[PDB]
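Shown below: final.cif, with mmCIF, N, CA and C atoms and all ligand atoms.
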data_protein
loop_
_atom_site.label_atom_id
_atom_site.label_comp_id
_atom_site.auth_asym_id
_atom_site.auth_seq_id
_atom_site.Cartn_x
_atom_site.Cartn_y
_atom_site.Cartn_z
N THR A 1 54.83 112.56 75.65
CA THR A 1 54.63 112.49 77.12
C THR A 1 55.71 113.30 77.85
N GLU A 2 55.45 113.55 79.14
CA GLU A 2 56.46 114.27 79.95
C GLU A 2 57.77 113.46 80.00
N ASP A 3 57.69 112.15 79.93
CA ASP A 3 58.89 111.31 79.94
C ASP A 3 59.75 111.59 78.69
N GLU A 4 59.09 111.86 77.54
CA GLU A 4 59.82 112.17 76.30
C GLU A 4 60.31 113.64 76.23
N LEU A 5 59.56 114.52 76.86
CA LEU A 5 59.88 115.97 76.81
C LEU A 5 60.97 116.35 77.81
N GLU B 1 65.63 133.95 51.19
CA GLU B 1 64.61 133.31 52.01
C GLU B 1 63.97 134.36 52.91
N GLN B 2 62.65 134.37 52.95
CA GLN B 2 61.88 135.28 53.77
C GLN B 2 61.15 134.46 54.81
N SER B 3 61.25 134.85 56.05
CA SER B 3 60.51 134.18 57.11
C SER B 3 59.07 134.63 57.03
N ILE B 4 58.15 133.67 57.01
CA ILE B 4 56.72 133.97 57.00
C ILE B 4 56.09 133.73 58.35
N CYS B 5 56.80 133.10 59.29
CA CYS B 5 56.34 133.04 60.67
C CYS B 5 57.49 132.64 61.57
N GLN B 6 57.27 132.86 62.86
CA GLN B 6 58.17 132.41 63.92
C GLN B 6 57.26 131.87 65.02
N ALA B 7 57.58 130.69 65.53
CA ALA B 7 56.78 130.14 66.60
C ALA B 7 57.67 129.35 67.55
N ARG B 8 57.32 129.35 68.83
CA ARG B 8 58.12 128.69 69.83
C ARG B 8 57.63 127.27 69.99
N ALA B 9 58.50 126.30 69.83
CA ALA B 9 58.11 124.90 69.94
C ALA B 9 59.29 124.05 70.28
N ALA B 10 59.01 122.99 71.04
CA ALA B 10 59.97 121.90 71.19
C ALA B 10 59.76 120.98 69.97
N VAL B 11 60.81 120.80 69.21
CA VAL B 11 60.77 120.06 67.95
C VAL B 11 61.14 118.63 68.24
N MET B 12 60.24 117.71 67.93
CA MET B 12 60.42 116.29 68.18
C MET B 12 60.50 115.55 66.85
N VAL B 13 61.17 114.41 66.88
CA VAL B 13 61.00 113.44 65.80
C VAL B 13 60.63 112.09 66.38
N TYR B 14 59.92 111.29 65.61
CA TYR B 14 59.43 110.02 66.11
C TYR B 14 60.41 108.92 65.79
N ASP B 15 60.84 108.23 66.82
CA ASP B 15 61.69 107.08 66.65
C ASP B 15 60.79 105.87 66.55
N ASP B 16 60.49 105.45 65.31
CA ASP B 16 59.51 104.38 65.13
C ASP B 16 59.94 103.10 65.78
N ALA B 17 61.23 102.82 65.72
CA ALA B 17 61.74 101.53 66.19
C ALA B 17 61.46 101.36 67.68
N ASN B 18 61.52 102.46 68.43
CA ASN B 18 61.26 102.37 69.85
C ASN B 18 59.95 103.02 70.23
N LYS B 19 59.14 103.41 69.25
CA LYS B 19 57.83 104.04 69.43
C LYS B 19 57.90 105.16 70.46
N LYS B 20 58.89 106.04 70.31
CA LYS B 20 59.05 107.18 71.21
C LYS B 20 59.34 108.44 70.42
N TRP B 21 58.81 109.58 70.88
CA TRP B 21 59.29 110.86 70.40
C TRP B 21 60.63 111.14 71.06
N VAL B 22 61.53 111.71 70.30
CA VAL B 22 62.80 112.13 70.86
C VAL B 22 63.02 113.57 70.42
N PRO B 23 63.79 114.35 71.18
CA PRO B 23 64.04 115.72 70.80
C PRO B 23 64.84 115.80 69.51
N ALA B 24 64.39 116.63 68.60
CA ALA B 24 65.13 116.85 67.38
C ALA B 24 66.53 117.34 67.71
N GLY B 25 67.51 116.78 67.01
CA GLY B 25 68.89 117.11 67.26
C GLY B 25 69.44 116.57 68.55
N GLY B 26 68.67 115.78 69.30
CA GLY B 26 69.13 115.22 70.55
C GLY B 26 69.23 116.23 71.66
N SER B 27 68.47 117.33 71.59
CA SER B 27 68.68 118.48 72.43
C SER B 27 67.36 118.96 73.00
N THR B 28 67.03 118.52 74.23
CA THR B 28 65.76 118.91 74.82
C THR B 28 65.65 120.43 74.94
N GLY B 29 64.44 120.93 74.75
CA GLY B 29 64.13 122.33 74.95
C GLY B 29 63.47 122.96 73.74
N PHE B 30 63.16 124.22 73.90
CA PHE B 30 62.40 124.94 72.91
C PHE B 30 63.29 125.52 71.85
N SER B 31 62.73 125.61 70.66
CA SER B 31 63.32 126.25 69.51
C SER B 31 62.44 127.37 69.01
N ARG B 32 63.07 128.26 68.27
CA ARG B 32 62.37 129.24 67.44
C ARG B 32 62.25 128.62 66.04
N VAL B 33 61.01 128.37 65.62
CA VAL B 33 60.75 127.62 64.40
C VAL B 33 60.14 128.57 63.39
N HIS B 34 60.81 128.68 62.26
CA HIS B 34 60.33 129.48 61.16
C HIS B 34 59.75 128.61 60.07
N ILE B 35 58.87 129.21 59.25
CA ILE B 35 58.72 128.75 57.86
C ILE B 35 59.35 129.78 56.98
N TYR B 36 60.29 129.36 56.16
CA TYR B 36 60.96 130.25 55.23
C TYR B 36 60.42 129.99 53.85
N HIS B 37 60.14 131.07 53.14
CA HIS B 37 59.70 131.02 51.76
C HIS B 37 60.84 131.43 50.84
N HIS B 38 61.15 130.58 49.88
CA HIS B 38 62.08 130.92 48.82
C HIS B 38 61.23 131.28 47.61
N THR B 39 61.24 132.57 47.27
CA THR B 39 60.28 133.05 46.29
C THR B 39 60.66 132.61 44.89
N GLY B 40 61.94 132.39 44.61
CA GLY B 40 62.36 132.11 43.25
C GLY B 40 61.72 130.88 42.65
N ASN B 41 61.54 129.84 43.46
CA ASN B 41 60.84 128.65 42.99
C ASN B 41 59.61 128.35 43.83
N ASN B 42 59.13 129.32 44.59
CA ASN B 42 57.99 129.16 45.48
C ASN B 42 58.09 127.88 46.29
N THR B 43 59.16 127.75 47.06
CA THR B 43 59.33 126.63 47.97
C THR B 43 59.35 127.14 49.42
N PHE B 44 59.04 126.25 50.33
CA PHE B 44 58.93 126.57 51.73
C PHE B 44 59.61 125.49 52.54
N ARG B 45 60.21 125.90 53.65
CA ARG B 45 60.90 125.00 54.56
C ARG B 45 60.58 125.35 55.99
N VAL B 46 60.65 124.35 56.85
CA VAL B 46 60.54 124.55 58.28
C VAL B 46 61.97 124.51 58.81
N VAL B 47 62.41 125.57 59.50
CA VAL B 47 63.77 125.61 60.05
C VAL B 47 63.64 126.06 61.49
N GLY B 48 64.17 125.28 62.41
CA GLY B 48 64.08 125.59 63.82
C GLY B 48 65.46 125.54 64.46
N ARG B 49 65.70 126.45 65.38
CA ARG B 49 66.98 126.53 66.09
C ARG B 49 66.73 126.62 67.58
N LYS B 50 67.52 125.88 68.34
CA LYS B 50 67.41 125.97 69.80
C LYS B 50 67.55 127.40 70.27
N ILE B 51 66.68 127.82 71.20
CA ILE B 51 66.77 129.16 71.79
C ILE B 51 68.12 129.37 72.45
N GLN B 52 68.61 128.38 73.18
CA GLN B 52 69.83 128.60 73.94
C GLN B 52 71.06 128.57 73.05
N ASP B 53 71.35 127.44 72.41
CA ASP B 53 72.65 127.32 71.76
C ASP B 53 72.57 127.46 70.25
N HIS B 54 71.38 127.73 69.71
CA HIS B 54 71.18 128.06 68.31
C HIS B 54 71.40 126.88 67.38
N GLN B 55 71.51 125.66 67.87
CA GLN B 55 71.63 124.51 66.99
C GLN B 55 70.41 124.38 66.09
N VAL B 56 70.66 124.12 64.81
CA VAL B 56 69.56 123.85 63.88
C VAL B 56 69.11 122.43 64.15
N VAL B 57 67.87 122.27 64.57
CA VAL B 57 67.34 120.96 64.90
C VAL B 57 66.34 120.45 63.89
N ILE B 58 65.86 121.31 63.00
CA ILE B 58 64.98 120.88 61.90
C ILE B 58 65.25 121.76 60.73
N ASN B 59 65.26 121.14 59.55
CA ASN B 59 65.40 121.88 58.29
C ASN B 59 64.77 120.97 57.25
N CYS B 60 63.48 121.11 57.06
CA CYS B 60 62.84 120.22 56.11
C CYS B 60 61.99 120.98 55.11
N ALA B 61 61.85 120.38 53.94
CA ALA B 61 61.01 120.95 52.91
C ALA B 61 59.55 120.62 53.21
N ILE B 62 58.68 121.55 52.82
CA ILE B 62 57.23 121.39 52.91
C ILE B 62 56.74 121.06 51.50
N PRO B 63 56.34 119.84 51.25
CA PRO B 63 55.92 119.45 49.91
C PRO B 63 54.46 119.78 49.66
N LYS B 64 54.16 120.06 48.39
CA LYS B 64 52.78 120.22 48.02
C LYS B 64 52.03 118.95 48.39
N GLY B 65 50.86 119.10 48.96
CA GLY B 65 50.03 117.95 49.29
C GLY B 65 50.21 117.42 50.69
N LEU B 66 51.13 118.02 51.47
CA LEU B 66 51.37 117.55 52.82
C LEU B 66 50.09 117.54 53.63
N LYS B 67 49.96 116.50 54.43
CA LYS B 67 48.91 116.41 55.43
C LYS B 67 49.47 116.93 56.75
N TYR B 68 49.03 118.08 57.15
CA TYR B 68 49.49 118.70 58.41
C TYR B 68 48.45 118.39 59.46
N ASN B 69 48.84 117.58 60.43
CA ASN B 69 47.93 117.02 61.41
C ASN B 69 47.95 117.85 62.69
N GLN B 70 46.88 118.57 62.97
CA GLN B 70 46.77 119.35 64.20
C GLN B 70 46.19 118.45 65.28
N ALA B 71 47.07 117.65 65.84
CA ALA B 71 46.67 116.60 66.75
C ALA B 71 45.99 117.16 67.97
N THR B 72 46.54 118.25 68.51
CA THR B 72 45.97 118.99 69.61
C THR B 72 46.21 120.47 69.32
N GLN B 73 45.66 121.31 70.18
CA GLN B 73 45.86 122.75 70.03
C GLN B 73 47.28 123.21 70.30
N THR B 74 48.13 122.36 70.87
CA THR B 74 49.52 122.72 71.05
C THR B 74 50.50 121.71 70.49
N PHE B 75 50.07 120.63 69.82
CA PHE B 75 51.00 119.68 69.23
C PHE B 75 50.53 119.36 67.83
N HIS B 76 51.34 119.75 66.86
CA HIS B 76 51.02 119.50 65.48
C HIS B 76 52.14 118.67 64.90
N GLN B 77 51.87 117.93 63.84
CA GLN B 77 52.79 116.91 63.34
C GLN B 77 52.55 116.71 61.85
N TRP B 78 53.59 116.20 61.20
CA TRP B 78 53.47 115.79 59.81
C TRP B 78 54.54 114.77 59.55
N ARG B 79 54.45 114.16 58.37
CA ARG B 79 55.34 113.08 58.03
C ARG B 79 55.80 113.29 56.61
N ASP B 80 56.96 112.70 56.31
CA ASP B 80 57.35 112.56 54.91
C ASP B 80 57.91 111.17 54.72
N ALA B 81 58.58 110.93 53.59
CA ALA B 81 59.03 109.57 53.31
C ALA B 81 60.05 109.04 54.30
N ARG B 82 60.69 109.89 55.09
CA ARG B 82 61.79 109.49 55.94
C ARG B 82 61.49 109.62 57.42
N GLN B 83 60.77 110.65 57.84
CA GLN B 83 60.65 110.98 59.25
C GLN B 83 59.25 111.50 59.56
N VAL B 84 58.91 111.41 60.83
CA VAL B 84 57.74 112.06 61.37
C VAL B 84 58.22 113.13 62.32
N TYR B 85 57.67 114.30 62.15
CA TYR B 85 58.03 115.49 62.94
C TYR B 85 56.83 115.93 63.78
N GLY B 86 57.16 116.42 64.97
CA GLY B 86 56.18 116.97 65.87
C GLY B 86 56.65 118.32 66.38
N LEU B 87 55.71 119.24 66.60
CA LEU B 87 56.00 120.52 67.21
C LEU B 87 55.15 120.63 68.44
N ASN B 88 55.80 120.66 69.61
CA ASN B 88 55.10 120.89 70.87
C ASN B 88 55.22 122.36 71.16
N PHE B 89 54.19 123.10 70.79
CA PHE B 89 54.27 124.56 70.84
C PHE B 89 54.27 125.07 72.27
N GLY B 90 54.90 126.23 72.45
CA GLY B 90 54.95 126.87 73.76
C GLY B 90 53.62 127.39 74.23
N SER B 91 52.69 127.62 73.32
CA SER B 91 51.38 128.21 73.60
C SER B 91 50.45 127.93 72.41
N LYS B 92 49.15 128.10 72.64
CA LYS B 92 48.19 127.98 71.55
C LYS B 92 48.39 129.05 70.52
N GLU B 93 48.82 130.25 70.97
CA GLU B 93 49.06 131.32 70.03
C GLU B 93 50.16 130.92 69.05
N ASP B 94 51.25 130.31 69.57
CA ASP B 94 52.33 129.86 68.69
C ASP B 94 51.83 128.82 67.70
N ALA B 95 51.02 127.90 68.18
CA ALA B 95 50.50 126.86 67.29
C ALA B 95 49.64 127.47 66.20
N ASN B 96 48.81 128.47 66.54
CA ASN B 96 47.94 129.10 65.55
C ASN B 96 48.73 129.85 64.52
N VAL B 97 49.76 130.58 64.95
CA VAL B 97 50.60 131.31 64.04
C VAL B 97 51.23 130.35 63.06
N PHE B 98 51.86 129.30 63.58
CA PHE B 98 52.53 128.35 62.71
C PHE B 98 51.56 127.63 61.78
N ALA B 99 50.46 127.14 62.33
CA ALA B 99 49.50 126.44 61.46
C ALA B 99 48.96 127.35 60.38
N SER B 100 48.72 128.64 60.71
CA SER B 100 48.28 129.61 59.69
C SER B 100 49.26 129.66 58.55
N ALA B 101 50.55 129.81 58.89
CA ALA B 101 51.57 129.97 57.86
C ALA B 101 51.75 128.68 57.06
N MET B 102 51.72 127.53 57.76
CA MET B 102 51.79 126.23 57.08
C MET B 102 50.62 126.06 56.11
N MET B 103 49.39 126.37 56.55
CA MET B 103 48.23 126.21 55.67
C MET B 103 48.31 127.16 54.49
N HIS B 104 48.80 128.38 54.71
CA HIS B 104 49.05 129.29 53.59
C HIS B 104 49.99 128.67 52.58
N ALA B 105 51.15 128.19 53.05
CA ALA B 105 52.14 127.53 52.21
C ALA B 105 51.48 126.42 51.39
N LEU B 106 50.69 125.59 52.04
CA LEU B 106 50.11 124.44 51.37
C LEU B 106 49.07 124.84 50.34
N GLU B 107 48.48 126.02 50.48
CA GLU B 107 47.47 126.52 49.56
C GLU B 107 48.07 127.21 48.35
N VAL B 108 49.29 127.73 48.44
CA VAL B 108 49.91 128.43 47.30
C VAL B 108 50.93 127.55 46.58
N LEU B 109 51.28 126.40 47.14
CA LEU B 109 52.15 125.49 46.44
C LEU B 109 51.43 124.85 45.28
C1 LIG C 1 54.16 113.39 74.87
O1 LIG C 1 53.34 114.19 75.33
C2 LIG C 1 54.51 113.34 73.48
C3 LIG C 1 55.51 114.41 73.05
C4 LIG C 1 54.61 115.65 73.00
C5 LIG C 1 53.46 115.11 72.19
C6 LIG C 1 52.30 115.88 72.45
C7 LIG C 1 50.95 115.50 72.44
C8 LIG C 1 50.42 114.21 72.21
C9 LIG C 1 49.19 114.20 71.31
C10 LIG C 1 49.10 112.71 71.15
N1 LIG C 1 50.50 112.28 70.82
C11 LIG C 1 50.98 111.27 70.11
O2 LIG C 1 52.19 111.15 69.89
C12 LIG C 1 50.04 110.33 69.58
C13 LIG C 1 49.68 109.27 70.65
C14 LIG C 1 49.36 108.07 69.81
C15 LIG C 1 50.67 108.09 69.01
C16 LIG C 1 50.69 107.19 67.93
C17 LIG C 1 51.21 107.54 66.69
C18 LIG C 1 51.71 108.89 66.48
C19 LIG C 1 53.20 108.98 66.70
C20 LIG C 1 53.72 108.59 65.39
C21 LIG C 1 52.88 109.44 64.42
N2 LIG C 1 51.57 109.31 65.06
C22 LIG C 1 50.38 109.46 64.52
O3 LIG C 1 49.36 109.29 65.19
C23 LIG C 1 50.30 109.81 63.00
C24 LIG C 1 49.59 111.15 62.88
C25 LIG C 1 49.55 111.69 61.53
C26 LIG C 1 48.37 111.68 60.86
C27 LIG C 1 48.28 112.14 59.55
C28 LIG C 1 49.32 112.79 58.93
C29 LIG C 1 50.53 112.85 59.59
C30 LIG C 1 50.61 112.30 60.86
CL1 LIG C 1 52.13 112.42 61.66
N3 LIG C 1 49.62 108.67 62.38
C31 LIG C 1 50.37 107.76 61.79
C32 LIG C 1 49.62 106.53 61.27
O4 LIG C 1 51.56 107.92 61.53
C33 LIG C 1 51.09 109.84 67.34
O5 LIG C 1 50.98 111.00 67.04
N4 LIG C 1 50.65 109.49 68.55
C34 LIG C 1 51.37 113.35 71.38
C35 LIG C 1 52.39 112.89 72.25
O6 LIG C 1 52.42 111.76 72.77
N5 LIG C 1 53.39 113.68 72.60
#
Can you turn what I pasted into structure tokens?
Amino acid sequence: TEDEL
Amino acid sequence: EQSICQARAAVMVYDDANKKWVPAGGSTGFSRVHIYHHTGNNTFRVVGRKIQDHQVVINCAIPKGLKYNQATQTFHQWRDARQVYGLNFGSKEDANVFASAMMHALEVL
């Protein structure tokens, strides 16, 4: 997800 | 060692305990990811280095029989006994290049 990236 | 491909990807590993992907090496951003072939024993490795600071964030062996999971056209992943790895490619072209070279490796091992 964008939260992880 | 001979490089058989280069592809741009953010290299992730899966933190099972917290069910999250985290950046390989603890370093967000893209890497240049090779598959290197060692011809003497016909072995192959995935080695990736951060574009900016050149840190090696992945260096793993590709075993015969690996299941290479093309989860999406830009995110491919595989697992071994210790870790799960993901490559979030910069483009579909990068993913195709890398998957081509990985499938070649898996066919000649
Ligand atoms: C956010 O976008 C993060 C970081 C970028 C990356 C990109 C695209 C997404 C595509 C889906 N996805 C997942 O991570 C999926 C979502 C469901 C989640 C559950 C388990 C995951 C993570 C742990 C490994 N895994 C698997 O599904 C493996 C897949 C696999 C199959 C066969 C051979 C090897 C492997 Cl690794 N299955 C199992 C049982 O381990 C997974 O991939 N998930 C991406 C992101 O969310 N994502």
Output the neighbourhood of ligand LIG 1 (chain C) as an MDAnalysis selection string, that is, all protein and nucleic acid residues with some atom at most 6 Å from the ligand, counting all atoms listed in the file. (chainID A and resid 1:2 4:5) or (chainID B and resid 14 21 67:69 71:72 75 77:79 84:85 88)
Atom pair atom CA of residue 65 of chain B / atom CA of residue 100 of chain B: separation (Å):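 Computing the Euclidean distance for atom CA of residue 65 of chain B and atom CA of residue 100 of chain B yields 15.7 Å.
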As number ranges by chain, list the residues of segment 9-97 of chain B assigned to helix (DSSP H, G or I) by DSSP on the backbone atoms of this structure. B: 16-18, 24-26, 39-41, 92-97
For a quick test of understanding: name the residues of chain B lying within 8 Å of chain A when counting only N, CA and C atoms, and present them as an NGL selection string. :B and (20-23 or 28-29)
Backbone DSSP call of strand (DSSP E or B) for chain B, listed as a PyMOL selection string: chain B and resi 2-15+20-23+31-38+43-50+56-61+69+75-79+84-89
Find the distance between atom CA of residue 94 of chain B and atom CA of residue 39 of chain B and write it in Å to one decimal.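 For atom CA of residue 94 of chain B relative to atom CA of residue 39 of chain B, the distance reads 24.0 Å.
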Using all atoms listed in the file, what residues lie at most 7 Å away from (68.9, 120.6, 62.4) (file coordinates), given as JSON, numbers by chain? {"B": [24, 25, 48, 55, 56, 57, 58, 59]}
Tell me, in Å to one decimal, how far atom CA of residue 74 of chain B is from atom CA of residue 108 of chain B.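 Between atom CA of residue 74 of chain B and atom CA of residue 108 of chain B the gap is 24.4 Å.
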Close residues, residue 8 of chain B itself excluded, 8 Å, only N, CA and C atoms, min 4 positions apart in chain, as a list in words: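 In the requested form, the answer reads residues 30, 31, 32, 33, 34, 87, 88, 89, 90, 91, 93, 94, 95 and 98 of chain B.
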So that I can check the surroundings of residue 105 of chain B, please list as an MDAnalysis selection string every protein, DNA and RNA residue that reaches within 8 Å of it, counting only N, CA and C atoms and ignoring chain neighbours fewer than 2 positions away. chainID B and resid 43:44 62:65 99:103 107:109
Let me make sure I understand: among B:17, B:49, B:1, B:73, which one has the smallest atom-to-atom distance to residue 97 of chain B if we use only C-alpha atoms? B:73
Using only C-alpha atoms, the best pick from B:35, B:52, B:86, B:41 as closest to residue 7 of chain B would be B:35
